[PDB]
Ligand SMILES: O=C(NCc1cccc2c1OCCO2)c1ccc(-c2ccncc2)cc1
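Taking the form deposited without the named molecule, here's one chain by itself in structure tokens.
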């Protein structure tokens, strides 16, 4: 039943992957309202589409800045993948286009804010609350990895909460379709698996390590490896030692020991039984995976909604101009966008 779902999901994906949509709107069709964030690179702006009155979250990248940061291939990855995927816990790409200066990805607006905000304010989530979110990530990675995709930037900053209280994963700036191994140093310090830090070839197991970090951070209120500077975080990550709060359940600690496992032949997600080692673990015994997928499970909380276009679940950011040069920049580099 899972296999049959994923077979169909793959044929759907490959059709779009081999024939990507391009140039499906224009900037002048949107009214810019307010900046919602910054992601891996660029910024995200709340916009309103005039013809429908729908609100969207439009990611904007400056082509010249992308080139300087050596993110050309990663950016083409992001858009090609986003336009091809389809899953309940992935933010949907509605439109993409480019102009002389910038690249634009118009996504669904998810008004509940980043998990990050909610987590820092509350301090920590309960184990049942953490498990509800974690389950959604397990299913999302099951989907993505089946398509030979690695996500590579799991963190609370990238997990938006919808009006049903379910997660949508945003920002695919380091996502890559790769069979076998890859080598790019990318991600966020706290979430990096040891094999990335140590410049080894790595695979989708890095995402399962990152899940460990996330579940820990959600249930503890702080990450398993933290310091004032990245180098000190890396020394902690490669040490082989983790400490759990005394309030963590024995089932939670066992899951985490198997996710935050430096040894790849023992890391959950990466053994012969795949994602089933995680889905069948005792910590998830109360989890009804299909009801999670169907959004039939009652969420831990529902974000406050003040109206269409409300951004009060998001921090305020300095507003910057969307400048469009009269000369085309970087045309060849971004021709497929």
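Shifts are known only where both forms have a C-alpha. Positions refer to the first chain, counted from 1. Think of the rigid core as the biggest set of C-alphas that the two forms share within 1.5 Å after superposition.
The same protein also exists as the form solved in complex with the named molecule; that form is not shown, yet it is the one meant from here on.
Placing the named molecule onto this chain by superimposing the site C-alphas, using its pose in the deposited bound form, gives at least 3 ligand atoms within 2.4 angstroms of backbone or C-beta atoms, which makes the site blocked. Though the named molecule is absent from this view, in the deposited bound form it lies within 4.5 Å of a heavy atom of just one residue from 309, 274, 39, 300, which is 39. Of the residues given (196, 211, 233, 110), 110 alone sits with a heavy atom within 4.5 Å of the named molecule in the deposited bound form. Between 259 to 267, 169 to 177, 233 to 241, 203 to 211, the stretch whose residues reach within 4.5 angstroms of the named molecule in the deposited bound form through a non-hydrogen atom is 169 to 177. Interface membership of residue 160, defined by any non-hydrogen atom within 4.5 Å of the named molecule in the deposited bound form, is confirmed. In the deposited bound form, the named molecule sits within 4.5 Å of a heavy atom of residue 91. Looking at residue 43, you'd find a heavy atom of it within 4.5 angstroms of the named molecule in the deposited bound form. Under a 4.5 angstroms non-hydrogen atom cutoff, the named molecule in the deposited bound form has residue 314 among its neighbouring residues. Shown here without the named molecule, the chain has only 78 in 68 to 82 lying with a heavy atom within 4.5 Å of that partner in the deposited bound form. Note: rigid core superposed between the shown form and the other one; among 41, 284, 289, 301, the CA shift is 2 Å or more only at 41. The Cα-Cα distance between residue 41 and residue 62 is shortened by 3 Å or more in the deposited bound form relative to the form shown here. Note: residue 323-residue 40 Cα separation is 3 Å or more shorter in the deposited bound form than here. Core-superposed comparison between the shown form and the other one places the only run of three or more consecutive residues whose CA atoms all shift by 2 angstroms or more at 38 to 42.
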